[PDB]
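Engineer: Here it is: the structure, laid out below.
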Amino acid sequence: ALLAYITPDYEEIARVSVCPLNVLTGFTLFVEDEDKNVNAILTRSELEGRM
Amino acid sequence: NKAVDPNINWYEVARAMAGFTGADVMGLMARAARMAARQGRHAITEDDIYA
Amino acid sequence: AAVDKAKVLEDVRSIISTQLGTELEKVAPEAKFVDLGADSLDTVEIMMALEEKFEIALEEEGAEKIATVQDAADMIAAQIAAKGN
Amino acid sequence: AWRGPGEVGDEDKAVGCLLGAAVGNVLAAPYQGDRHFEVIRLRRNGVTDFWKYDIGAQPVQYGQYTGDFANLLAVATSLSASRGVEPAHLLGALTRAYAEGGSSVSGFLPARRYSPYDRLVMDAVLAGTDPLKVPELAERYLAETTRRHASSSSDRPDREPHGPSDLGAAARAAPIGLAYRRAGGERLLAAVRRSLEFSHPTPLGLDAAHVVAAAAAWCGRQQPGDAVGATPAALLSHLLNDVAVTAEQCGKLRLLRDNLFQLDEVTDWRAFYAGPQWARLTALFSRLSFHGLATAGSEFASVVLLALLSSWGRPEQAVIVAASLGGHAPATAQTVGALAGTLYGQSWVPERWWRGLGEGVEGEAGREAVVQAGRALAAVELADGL
Amino acid sequence: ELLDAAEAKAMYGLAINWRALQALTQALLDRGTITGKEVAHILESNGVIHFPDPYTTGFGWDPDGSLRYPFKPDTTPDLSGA
Amino acid sequence: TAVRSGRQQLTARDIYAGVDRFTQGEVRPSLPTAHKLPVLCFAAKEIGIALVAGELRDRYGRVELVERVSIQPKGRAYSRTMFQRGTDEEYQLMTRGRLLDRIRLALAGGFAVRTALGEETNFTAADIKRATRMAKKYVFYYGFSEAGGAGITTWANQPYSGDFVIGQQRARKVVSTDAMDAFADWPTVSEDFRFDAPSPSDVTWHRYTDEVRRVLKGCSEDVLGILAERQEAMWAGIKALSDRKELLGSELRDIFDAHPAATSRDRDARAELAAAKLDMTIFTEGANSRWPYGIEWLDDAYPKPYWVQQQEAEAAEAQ
């Protein structure tokens with residue numbers, strides 16, 4: 001969550017949950033901007049930020 | 001029609017639901033009522049929808 | 001049982017303030033009930049209101065040792081966690 | 001580092017103050033809302049010439065400025081007419097520079113790009129709402145936007161905090177500062193508070209415009225000569241000691257003071273954008289602004305002062321840096337050019353920017369009208385309040 | 001080398017935002033779930049440092065083993081008795 | 001469409017809309033005006049393809065003229081570039097220059113998006129997927145390359161017939177670059193007379209894929225040089241595309257003629273032509289074309305073939 005917050009032009013955080021459904025991992029709900037890069041566009045900045 | 005909390009920003013929630021059809025929305029509100037029951041409420045909140 | 005202690009503390013502060021007369025600001029976590037000037041019987045009435053609001057049984061042994069708002073919220077949150085079992 | 005003309009007349013200072021805002025707003029017009037890393041890759045040779053192929057929502061034509069410089073020009077003309085700040089005539093000139101054409105669909109579809117809060121304020125004062133009840137119609141969304149921020153932390157412009165703490169208060173306060181330059185500081189503060197009485201009544205917007213106007217005043221007073229008056233540290237110390245009262249404004253200005261390296265003279269902008277100096281500048285700009293968007297008044301004024309003082313002695317480099325910083329690029333470059341014009345007269349504006357201003361859609365008559373507004377700003381007298 | 005650059009940038013961000021990371025960890029432990037506004041409020045109240053760029057260019061790991069872009073560059077066994 | 005337009009059947013735009021309504025069925029909603037990313041990408045790719053098509057129509061003349069560029073999503077796609085299909089008998093035979101021009105036209109869209117944004121995108125993925133297949137057909141099957149010194153490799157993947165497809169998805173009509181692809185190719189159809197050759201070893205596969213990389217690098221550098229020298233025309237075309245959505249190849253030719261190249265860029269603008277070359281590695285370029293081929297581990301894995309020893313003894317150390 002912290003490194004998704006401090007990365008510019010990233011998908012923004014809606015929620016962050018620790019062990020949802022008693023599942024031994026967390027879950028961050030990321031919301032995309034469909035009007036920004038439709039369903040077809042990926043840039044190197046977005047890919048490296050995702051990495 | 002059903003019972004939901006009135007202080008819900010349905011736009012922000014619909015922004016989080018990027019890429020959905022309408023029956024998907026319907027079923028998501030149904031399971032949001034299920035999460036409201038899990039948390040112990042009769043009304044649906046945006047927290048319940050995100051859950 | 002993963003009790004939201006922030007929510008519990010906020011509602012505990014609201015109950016304390018509501019009973020006494022102060023605003024939500026004056027009811028701070030570290031504040032002692034003695035500072036707020038709730039008498040002995042008034043502190044007991046506040047514990048009763050907390051029981052009524054949270055619909056739980058307060059841990060009797062240890063109610064003589066509820067000093068801070070943080071202590072009241074911590075005992076309450078422990079009871080909310082222990083209720084589900 | 002002192003330009004050249006060590007003594008600049010008041011006529012040249014005020015015409016430069018108008019023209020620097022003009023060239024900054026025209027140069028940085030297509031980069032509104034873009035980030036700095038996107039801008040330095042779109043314009044790999046640097047933002048040194050006016051762009052002709054804006055493809056955005058409202059494509060700005062070649063040589064055309066936006067609504068921010070329209071408001072600055074309206075403020076300058078109304079102040080020159082009234083010999084001070086009178087909110088009624090100020091809003092009359094603002095609306096006269098606003099209702100210049102469009103499509104009444106009735107949001108009126110303004111000819112130039114406008115801030116959302118600026119458009120809302122002008123529509124409210126054109127819709128019969130009195131220009132003193134700010135929260136009556138200015139809390140449309142805004143407070144509801146804060147209530148909607150409860151489950152999202154976006155850097156999207158739709159979630160930027162546009163309101164009474166916007167940057168439009170400080171974007172147009174440079175003419176007020178240059179007019180109230182020799183009339184003292186307290187009267188300048190009163191003039192600024194009179195100027196923002198209808199749009200930005202918050203202490204944050206007041207402090208932002210106060211910092212900007214005071215800097216403009218100071219710049220007008222000192223001359224580009226010896227470093228006794230030509231010192232960014234002295235400007236920051238004066239602003240902190242006399243103008244900065246609020247906590248966030250104070251902290252941003254000290255964060256500027258601590259840092260603020262001086263940028264070297266830059267020739268190859270492609271090599272500069274991949275350099276440690278630009279890396280440090282972007283790091284400081286990201287410390288002073290959230291994700292490259294300085295929507296808040298304190299962040300905007302700190303960014304403007306960073307772009308002006310980090311390239312001290314090279315106003316063209318300052319304007320280009322403020323244009324390439326992205327975010328609120330046209331308003332930031334307009335304020336940086338206005339401060340650089342209150343410092344140096346009409347001699348540092350390159351002939352490429354002169355010809356681009358003249359050959360655009362807002363050219364010839366528009367450029368000489370900007371020059372005449374500068375002449376009236378130099379020639380207006382106030383006698384410490386009139 | 002791309003994975004190494006991404007890992008170096010991730011460790012750099014988590015290292016420069018150590019206090020905000022610890023506060024967010026404690027908040028997640030206390031609350032279980034958390035929203036975007038509370039995340040933003042915690043990180044901004046704990047003095048977070050943002051990335052100027054979303055690119056991992058210049059980040060990496062040195063051959064000796066040290067990090068890259070950490071402000072350093074810029075753009076016999078015992079044989080006793082028994 | 002002419003009736004709904006409120007006029008008679010003038011101009012070619014209504015005819016093109018009528019063709020598009022049944023070749024690329026339906027009309028999707030347009031690209032959003034919020035954010036400058038998708039309007040820039042799905043204009044830059046088609047502007048660059050049309051620009052490279054015009055530039056290859058110059059000098060060589062093999063590339064057909066551009067009919068129109070759409071960038072209004074009409075079914076299963078967001079943007080298009082239509083090519084004025086030349087007469088038949090020009091498609092009944094694939095030439096080396098024609099295949100090189102087709103590889104360049106494939107790479108053009110992705111490299112134009114990269115030149116516009118100053119950034120690599122995923123728009124190069126489809127172009128790379130098409131251009132690699134075309135380059136493999138260039139090097140192996142048709143034998144247009146210089147692999148081995150005359151271009152004849154020891155292995156080639158001859159295409160098979162469509163009669164083995166079975167499923168045969170009924171797209172129908174339109175007929176895209178299939179008209180240039182299957183017309184010159186002669187498939188197998190008879191399994192009794194299918195020649196596939198022994199699969200080449202890893203070393204000769206390294207050499208042949210290096211030849212494929214050389215072809216791709218040359219075409220990519222030519223495309224990047226064209227798009228670097230015609231940045232002003234590309235940007236003017238992008239602005240016209242964003243302003244008018246659909247646009248014809250005629251008006252694109254007027255725009256590109258109105259914004260010509262700036263003769264010699266000399267400096268600063270010359271730095272766009274410079275460093276537009278790729279840094280991709282050609283392994284067998286110079287001295288690495290005898291036996292190690294720039295591989296430091298080959299001598300630790302392969303025990304020095306007999307013809308390699310003949311090359312190093314009869315030719316080398318005996319001149």
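Chains: A, B, ... in order of the structure tokens. Residues: from 1 per chain. Ligands: from 1, in order shown.
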For chain D, report every residue with an atom at most 12 Å from chain E (counting only C-alpha atoms), formatted as an MDAnalysis selection string.
Structural biologist: chainID D and resid 35:38 40 146:155 271:293 325
Engineer: Output N, CA, C and O atoms for every residue in that selection, as a short mmCIF file (atom, residue, chain, number, x, y, z; two decimals), in the first residue's frame.
Structural biologist:
```
data_model
loop_
_atom_site.label_atom_id
_atom_site.label_comp_id
_atom_site.auth_asym_id
_atom_site.auth_seq_id
_atom_site.Cartn_x
_atom_site.Cartn_y
_atom_site.Cartn_z
N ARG D 35 2.28 15.50 -16.04
CA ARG D 35 3.34 15.41 -15.05
C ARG D 35 4.69 15.69 -15.70
O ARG D 35 4.82 15.72 -16.93
N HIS D 36 5.70 15.92 -14.86
CA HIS D 36 6.99 16.39 -15.36
C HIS D 36 7.71 15.31 -16.17
O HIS D 36 8.34 15.62 -17.18
N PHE D 37 7.61 14.05 -15.74
CA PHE D 37 8.27 12.98 -16.49
C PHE D 37 7.57 12.71 -17.82
O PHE D 37 8.21 12.26 -18.77
N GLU D 38 6.27 12.99 -17.90
CA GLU D 38 5.59 12.91 -19.19
C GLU D 38 5.96 14.09 -20.08
O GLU D 38 6.11 13.93 -21.30
N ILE D 40 8.79 16.02 -20.05
CA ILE D 40 10.17 15.98 -20.53
C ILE D 40 10.41 14.88 -21.55
O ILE D 40 11.46 14.88 -22.21
N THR D 146 -14.76 16.09 -0.28
CA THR D 146 -14.07 15.61 0.91
C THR D 146 -14.79 14.42 1.52
O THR D 146 -14.15 13.49 2.03
N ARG D 147 -16.13 14.44 1.51
CA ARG D 147 -16.90 13.29 1.97
C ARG D 147 -16.73 12.09 1.04
O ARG D 147 -16.84 10.95 1.49
N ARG D 148 -16.47 12.34 -0.24
CA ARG D 148 -16.24 11.27 -1.20
C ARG D 148 -14.79 10.81 -1.23
O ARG D 148 -14.50 9.76 -1.80
N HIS D 149 -13.88 11.56 -0.61
CA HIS D 149 -12.49 11.15 -0.55
C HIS D 149 -12.25 10.05 0.46
O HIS D 149 -11.12 9.55 0.55
N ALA D 150 -13.28 9.63 1.20
CA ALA D 150 -13.18 8.70 2.32
C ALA D 150 -12.71 7.31 1.92
O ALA D 150 -12.32 6.53 2.79
N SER D 151 -12.75 6.96 0.63
CA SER D 151 -12.34 5.63 0.21
C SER D 151 -11.47 5.68 -1.05
O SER D 151 -11.44 4.71 -1.82
N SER D 152 -10.77 6.79 -1.27
CA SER D 152 -9.90 6.92 -2.43
C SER D 152 -8.87 8.00 -2.15
O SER D 152 -9.18 9.02 -1.53
N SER D 153 -7.65 7.77 -2.63
CA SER D 153 -6.52 8.68 -2.43
C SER D 153 -5.86 9.00 -3.76
O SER D 153 -4.64 8.94 -3.92
N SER D 154 -6.69 9.35 -4.75
CA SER D 154 -6.22 9.51 -6.12
C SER D 154 -5.39 10.79 -6.27
O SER D 154 -5.51 11.74 -5.50
N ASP D 155 -4.53 10.78 -7.29
CA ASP D 155 -3.88 11.98 -7.78
C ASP D 155 -4.54 12.48 -9.07
O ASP D 155 -3.96 13.33 -9.76
N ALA D 271 19.99 16.85 -22.69
CA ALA D 271 20.98 16.39 -21.72
C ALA D 271 20.65 16.86 -20.31
O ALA D 271 20.98 16.17 -19.34
N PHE D 272 20.01 18.02 -20.17
CA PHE D 272 19.67 18.53 -18.85
C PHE D 272 18.58 17.69 -18.19
O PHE D 272 18.63 17.43 -16.98
N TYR D 273 17.57 17.27 -18.97
CA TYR D 273 16.47 16.49 -18.42
C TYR D 273 16.90 15.12 -17.91
O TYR D 273 16.20 14.53 -17.08
N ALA D 274 18.04 14.61 -18.38
CA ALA D 274 18.62 13.36 -17.88
C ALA D 274 19.82 13.63 -16.98
O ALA D 274 20.80 12.89 -17.00
N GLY D 275 19.76 14.69 -16.18
CA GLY D 275 20.89 15.10 -15.38
C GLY D 275 20.60 15.15 -13.90
O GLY D 275 19.44 15.16 -13.45
N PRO D 276 21.67 15.18 -13.09
CA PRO D 276 21.49 15.24 -11.63
C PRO D 276 20.85 16.53 -11.15
O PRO D 276 20.15 16.51 -10.13
N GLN D 277 21.06 17.64 -11.85
CA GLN D 277 20.44 18.90 -11.46
C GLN D 277 18.93 18.84 -11.62
O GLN D 277 18.18 19.24 -10.72
N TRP D 278 18.46 18.31 -12.75
CA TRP D 278 17.02 18.13 -12.94
C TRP D 278 16.46 17.06 -12.01
O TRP D 278 15.31 17.16 -11.58
N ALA D 279 17.27 16.04 -11.68
CA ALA D 279 16.83 15.04 -10.71
C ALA D 279 16.61 15.66 -9.34
O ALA D 279 15.59 15.40 -8.68
N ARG D 280 17.54 16.51 -8.89
CA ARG D 280 17.39 17.18 -7.60
C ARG D 280 16.23 18.17 -7.62
O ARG D 280 15.50 18.30 -6.63
N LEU D 281 16.05 18.88 -8.74
CA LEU D 281 14.93 19.80 -8.87
C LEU D 281 13.60 19.07 -8.81
O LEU D 281 12.66 19.53 -8.13
N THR D 282 13.49 17.93 -9.48
CA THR D 282 12.25 17.15 -9.43
C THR D 282 12.03 16.53 -8.06
O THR D 282 10.88 16.41 -7.63
N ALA D 283 13.10 16.15 -7.36
CA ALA D 283 12.95 15.63 -6.01
C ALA D 283 12.43 16.71 -5.06
O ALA D 283 11.51 16.45 -4.26
N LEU D 284 12.98 17.92 -5.14
CA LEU D 284 12.48 19.02 -4.31
C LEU D 284 11.06 19.41 -4.70
O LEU D 284 10.24 19.72 -3.83
N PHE D 285 10.75 19.38 -6.00
CA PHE D 285 9.40 19.71 -6.45
C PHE D 285 8.39 18.66 -6.00
O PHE D 285 7.25 19.00 -5.67
N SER D 286 8.80 17.39 -5.95
CA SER D 286 7.93 16.34 -5.44
C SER D 286 7.81 16.40 -3.92
O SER D 286 6.82 15.92 -3.36
N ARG D 287 8.81 16.96 -3.24
CA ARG D 287 8.66 17.20 -1.81
C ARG D 287 7.73 18.38 -1.53
O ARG D 287 7.02 18.38 -0.52
N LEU D 288 7.73 19.38 -2.41
CA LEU D 288 6.90 20.56 -2.22
C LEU D 288 5.51 20.45 -2.85
O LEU D 288 4.68 21.34 -2.62
N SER D 289 5.24 19.40 -3.62
CA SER D 289 3.95 19.25 -4.28
C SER D 289 3.56 17.78 -4.33
O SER D 289 4.42 16.92 -4.49
N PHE D 290 2.27 17.51 -4.20
CA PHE D 290 1.78 16.13 -4.18
C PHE D 290 1.66 15.61 -5.60
O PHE D 290 0.80 16.07 -6.37
N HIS D 291 2.53 14.65 -5.95
CA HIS D 291 2.51 13.94 -7.23
C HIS D 291 2.61 14.88 -8.43
O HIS D 291 2.04 14.62 -9.49
N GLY D 292 3.32 15.99 -8.26
CA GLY D 292 3.46 16.97 -9.32
C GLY D 292 2.30 17.93 -9.47
O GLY D 292 2.32 18.74 -10.41
N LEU D 293 1.30 17.88 -8.60
CA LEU D 293 0.13 18.74 -8.69
C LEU D 293 0.06 19.60 -7.43
O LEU D 293 -0.34 19.12 -6.36
N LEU D 325 7.78 21.72 -15.52
CA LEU D 325 7.44 21.06 -14.27
C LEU D 325 6.09 20.37 -14.33
O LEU D 325 5.80 19.52 -13.48
#
```
Engineer: How close does chain E get to chain C? List, as CSV, each residue of chain E within 7 Å, its nearest atom pair and the distance in Å to one decimal, counting only C-alpha atoms.
Structural biologist:
```
residue,atom,partner,partner_atom,distance
E:30,CA,C:5,CA,6.3
E:31,CA,C:4,CA,4.7
E:32,CA,C:2,CA,6.3
```
Engineer: Write the residues you've just listed into a file as a short mmCIF file (atom, residue, chain, number, x, y, z; two decimals), in the first residue's frame, and include N, CA, C and O atoms for each of them.
Structural biologist:
```
data_model
loop_
_atom_site.label_atom_id
_atom_site.label_comp_id
_atom_site.auth_asym_id
_atom_site.auth_seq_id
_atom_site.Cartn_x
_atom_site.Cartn_y
_atom_site.Cartn_z
N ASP E 30 -4.07 -3.00 13.96
CA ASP E 30 -5.14 -2.59 14.87
C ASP E 30 -6.51 -2.67 14.21
O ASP E 30 -7.48 -3.11 14.84
N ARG E 31 -6.62 -2.27 12.94
CA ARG E 31 -7.92 -2.13 12.31
C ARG E 31 -8.33 -3.30 11.43
O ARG E 31 -9.50 -3.39 11.06
N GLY E 32 -7.40 -4.19 11.07
CA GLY E 32 -7.74 -5.29 10.18
C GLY E 32 -7.87 -4.84 8.74
O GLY E 32 -7.08 -5.23 7.88
#
```
Engineer: One decimal, in Å: what's the spacing between atom CA of residue 143 of chain D and atom CA of residue 163 of chain D?
Structural biologist: 9.5 Å
Engineer: Mind checking which residues fall within 9 Å of residue 302 of chain D, counting only C-alpha atoms, ignoring those fewer than 6 positions away in the same chain, and posting them as a VMD selection string?
Structural biologist: chain D and resid 208 249 252 to 253 255 to 256 285 288 to 289 294
Engineer: Give the residues of chain A that lie within 9 Å of chain F; count only C-alpha atoms, and format the answer as a VMD selection string.
Structural biologist: chain A and resid 35 to 38 40 to 45
Engineer: Find the spatial neighbours of segment 224-233 of chain D, counting only C-alpha atoms, within a cut-off of 10 Å - ignore same-chain residues fewer than 6 positions away - and output them as a list in words.
Structural biologist: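 After dropping sequence-adjacent residues, the list is residues 1, 2, 3, 4, 5, 6, 7, 8, 218, 239, 256, 257, 258, 260, 262, 305, 306, 308, 309, 310, 311, 312, 313, 343, 344 and 345 of chain D.
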Engineer: Residues of the last selection are to be written out with C-alpha atoms, as a compact mmCIF listing (two decimals), in the first residue's frame.
Structural biologist:
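Output saved as part_23.txt:
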```txt
# COMPACT_ATOMS: atom_id res chain seq x y z
CA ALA D 1 23.30 36.13 -12.86
CA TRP D 2 22.19 39.78 -12.92
CA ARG D 3 20.86 39.71 -16.53
CA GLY D 4 22.37 42.86 -18.03
CA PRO D 5 20.51 46.15 -17.53
CA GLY D 6 21.46 46.65 -13.88
CA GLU D 7 19.01 49.56 -13.65
CA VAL D 8 15.52 48.97 -15.06
CA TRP D 218 9.99 43.15 -3.41
CA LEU D 239 8.88 36.48 2.98
CA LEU D 256 12.86 25.87 0.12
CA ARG D 257 15.49 27.83 2.11
CA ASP D 258 17.32 24.70 3.39
CA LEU D 260 17.52 25.56 -3.32
CA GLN D 262 21.32 27.23 -8.19
CA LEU D 305 9.35 30.35 -5.78
CA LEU D 306 11.38 27.18 -6.41
CA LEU D 308 12.02 31.34 -9.88
CA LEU D 309 14.91 31.14 -7.40
CA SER D 310 16.54 27.85 -8.46
CA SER D 311 17.47 29.53 -11.76
CA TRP D 312 18.25 32.97 -10.34
CA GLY D 313 19.64 35.33 -12.95
CA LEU D 343 12.50 41.68 -11.42
CA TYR D 344 13.79 42.29 -14.98
CA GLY D 345 12.27 44.49 -17.66
```
Engineer: Determine which residues of segment 161-319 of chain F receive a DSSP assignment of helix (DSSP H, G or I), computed from the backbone, and state them as a PyMOL selection string.
Structural biologist: chain F and resi 162-164+178-184+191-193+202-229+231-244+249-258+270-273+298-300+306-315
Engineer: Using only C-alpha atoms, select each residue of chain A with any atom at most 12 Å away from an atom of chain B, and give the selection as a PyMOL selection string.
Structural biologist: chain A and resi 11-17+20-21+27-36+38-39
Engineer: Give me a file of those residues, with C-alpha atoms, as an mmCIF file, in the first residue's frame.
Structural biologist:
```cif
data_model
loop_
_atom_site.group_PDB
_atom_site.id
_atom_site.type_symbol
_atom_site.label_atom_id
_atom_site.label_comp_id
_atom_site.auth_asym_id
_atom_site.auth_seq_id
_atom_site.Cartn_x
_atom_site.Cartn_y
_atom_site.Cartn_z
ATOM 1 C CA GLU A 11 -3.860 2.900 -9.660
ATOM 2 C CA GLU A 12 -5.175 4.423 -6.488
ATOM 3 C CA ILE A 13 -6.080 2.448 -3.376
ATOM 4 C CA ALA A 14 -9.736 1.913 -2.471
ATOM 5 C CA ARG A 15 -9.177 -0.458 0.467
ATOM 6 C CA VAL A 16 -6.398 -2.462 2.109
ATOM 7 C CA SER A 17 -7.345 -5.588 4.061
ATOM 8 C CA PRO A 20 -9.678 -11.278 3.954
ATOM 9 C CA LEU A 21 -11.807 -14.452 4.116
ATOM 10 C CA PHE A 27 -5.569 -7.675 -0.434
ATOM 11 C CA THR A 28 -5.386 -4.145 -1.827
ATOM 12 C CA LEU A 29 -8.371 -3.046 -3.912
ATOM 13 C CA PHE A 30 -6.930 -1.106 -6.847
ATOM 14 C CA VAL A 31 -9.210 1.056 -8.986
ATOM 15 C CA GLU A 32 -8.273 1.682 -12.600
ATOM 16 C CA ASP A 33 -9.027 4.675 -14.791
ATOM 17 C CA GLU A 34 -10.658 3.209 -17.899
ATOM 18 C CA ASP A 35 -10.933 6.629 -19.567
ATOM 19 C CA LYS A 36 -7.185 7.194 -19.078
ATOM 20 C CA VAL A 38 -8.865 2.365 -22.212
ATOM 21 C CA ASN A 39 -8.397 -1.422 -22.131
#
```
Engineer: Within segment 67-279 of chain F, find each residue whose DSSP state, derived from the backbone, is strand (DSSP E), and express the selection as a PyMOL selection string.
Structural biologist: chain F and resi 67-69+81-83+247-248
Engineer: What is the distance, in Å and to one decimal place, between atom CA of residue 211 of chain D and atom CA of residue 123 of chain D?
Structural biologist: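 Taking atom CA of residue 211 of chain D as the start and atom CA of residue 123 of chain D as the end point, the length is 27.8 Å.
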Engineer: Please provide as a PyMOL selection string all residues within 9 Å of segment 113-116 of chain D, with the sequence filter that same-chain residues fewer than 3 positions apart are discarded (counting only C-alpha atoms).
Structural biologist: chain D and resi 29+58-60+65-68+110+119-121+162-163+168
Engineer: Please provide as a compact mmCIF listing (two decimals) with N, CA, C and O atoms, in the first residue's frame all residues within 12 Å of residue 32 of chain C, with the sequence filter that same-chain residues fewer than 5 positions apart are discarded (counting only C-alpha atoms).
Structural biologist:
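Result file is selection-v5.txt:
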```
# COMPACT_ATOMS: atom_id res chain seq x y z
N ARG C 13 -15.48 7.05 23.61
CA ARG C 13 -15.36 8.48 23.87
C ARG C 13 -16.69 9.18 23.69
O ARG C 13 -17.06 10.04 24.51
N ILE C 16 -18.91 8.35 26.80
CA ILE C 16 -18.40 9.06 27.98
C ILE C 16 -18.82 10.53 27.94
O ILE C 16 -19.38 11.06 28.91
N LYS C 26 -12.82 16.88 24.32
CA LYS C 26 -12.40 16.75 25.71
C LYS C 26 -12.19 15.30 26.13
O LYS C 26 -11.24 15.01 26.87
N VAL C 27 -13.02 14.39 25.63
CA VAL C 27 -12.77 12.97 25.86
C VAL C 27 -11.63 12.47 24.96
O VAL C 27 -11.79 12.09 23.80
N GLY C 37 -14.17 14.69 36.00
CA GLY C 37 -14.99 15.01 37.15
C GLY C 37 -16.25 14.17 37.25
O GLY C 37 -17.24 14.62 37.83
N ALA C 38 -16.23 12.98 36.67
CA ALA C 38 -17.27 12.00 36.94
C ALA C 38 -17.01 11.39 38.31
O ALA C 38 -15.92 10.89 38.57
N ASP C 39 -18.02 11.44 39.18
CA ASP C 39 -17.88 10.85 40.51
C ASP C 39 -17.82 9.32 40.43
O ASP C 39 -17.82 8.75 39.34
N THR C 43 -18.98 7.26 37.19
CA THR C 43 -18.14 6.28 36.50
C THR C 43 -18.87 4.95 36.36
O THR C 43 -18.80 4.31 35.31
N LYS C 65 -10.46 -1.01 38.16
CA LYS C 65 -9.18 -0.59 37.60
C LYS C 65 -9.35 0.02 36.21
O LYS C 65 -8.43 -0.02 35.39
N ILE C 66 -10.53 0.56 35.92
CA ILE C 66 -10.77 1.28 34.67
C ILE C 66 -10.50 2.76 34.98
O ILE C 66 -11.32 3.44 35.60
N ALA C 67 -9.33 3.23 34.56
CA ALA C 67 -8.88 4.59 34.86
C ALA C 67 -8.92 5.49 33.64
O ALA C 67 -9.53 6.56 33.68
N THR C 68 -8.27 5.09 32.55
CA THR C 68 -8.22 5.90 31.34
C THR C 68 -9.36 5.52 30.40
O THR C 68 -9.91 4.42 30.46
N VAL C 69 -9.69 6.46 29.51
CA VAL C 69 -10.56 6.17 28.37
C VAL C 69 -9.94 5.09 27.51
O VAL C 69 -10.64 4.22 26.97
N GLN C 70 -8.61 5.10 27.37
CA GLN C 70 -7.91 4.04 26.66
C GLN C 70 -8.07 2.69 27.37
O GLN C 70 -8.25 1.66 26.71
N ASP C 71 -8.03 2.68 28.71
CA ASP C 71 -8.24 1.43 29.44
C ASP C 71 -9.67 0.93 29.27
O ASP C 71 -9.89 -0.28 29.13
N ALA C 72 -10.65 1.84 29.32
CA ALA C 72 -12.04 1.45 29.12
C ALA C 72 -12.26 0.87 27.73
O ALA C 72 -12.89 -0.18 27.58
```
Engineer: What is the distance, in Å and to one decimal place, between atom CA of residue 179 of chain F and atom CA of residue 196 of chain F?
Structural biologist: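 These atoms are spaced 25.1 Å apart.
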Engineer: Return as a list in words the residues belonging to chain D that are within 10 Å of chain F, counting only C-alpha atoms.
Structural biologist: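 Contact residues on the first chain: residues 33, 34, 37, 38, 39, 40, 41, 42, 43, 44, 45, 52, 53, 54, 55, 56, 57, 58, 59, 156, 157, 267, 268, 269 and 270 of chain D.
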Engineer: Print the selection's residues with C-alpha atoms to a file, as a compact mmCIF listing (two decimals), in the first residue's frame.
Structural biologist:
```
# COMPACT_ATOMS: atom_id res chain seq x y z
CA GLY D 33 -2.48 18.41 -15.91
CA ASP D 34 0.52 16.54 -17.32
CA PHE D 37 8.27 12.98 -16.49
CA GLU D 38 5.59 12.91 -19.19
CA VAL D 39 6.39 16.48 -20.26
CA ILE D 40 10.17 15.98 -20.53
CA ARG D 41 9.54 12.96 -22.77
CA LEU D 42 6.89 14.68 -24.89
CA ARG D 43 9.22 17.65 -25.48
CA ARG D 44 12.65 16.02 -25.55
CA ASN D 45 14.30 19.24 -26.76
CA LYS D 52 1.05 24.41 -32.18
CA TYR D 53 -0.54 20.93 -31.88
CA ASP D 54 -2.38 20.69 -28.57
CA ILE D 55 -4.81 17.77 -28.86
CA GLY D 56 -6.51 17.88 -25.45
CA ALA D 57 -10.05 18.60 -24.25
CA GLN D 58 -10.03 22.25 -25.30
CA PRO D 59 -7.12 22.45 -27.80
CA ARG D 156 -6.45 12.38 -10.58
CA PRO D 157 -7.25 16.05 -11.38
CA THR D 267 21.96 24.73 -23.47
CA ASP D 268 21.12 21.08 -24.27
CA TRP D 269 17.74 20.53 -22.64
CA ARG D 270 17.78 16.87 -23.71
```
Engineer: I want to know what sits within 10 Å of residue 213 of chain F, based on only C-alpha atoms, with residues of the same chain fewer than 2 positions away left out; could you give that as a list in words?
Structural biologist: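 The residues that qualify are residues 132, 135, 136, 207, 208, 209, 210, 211, 215, 216, 217, 218, 219, 280, 281, 282 and 283 of chain F.
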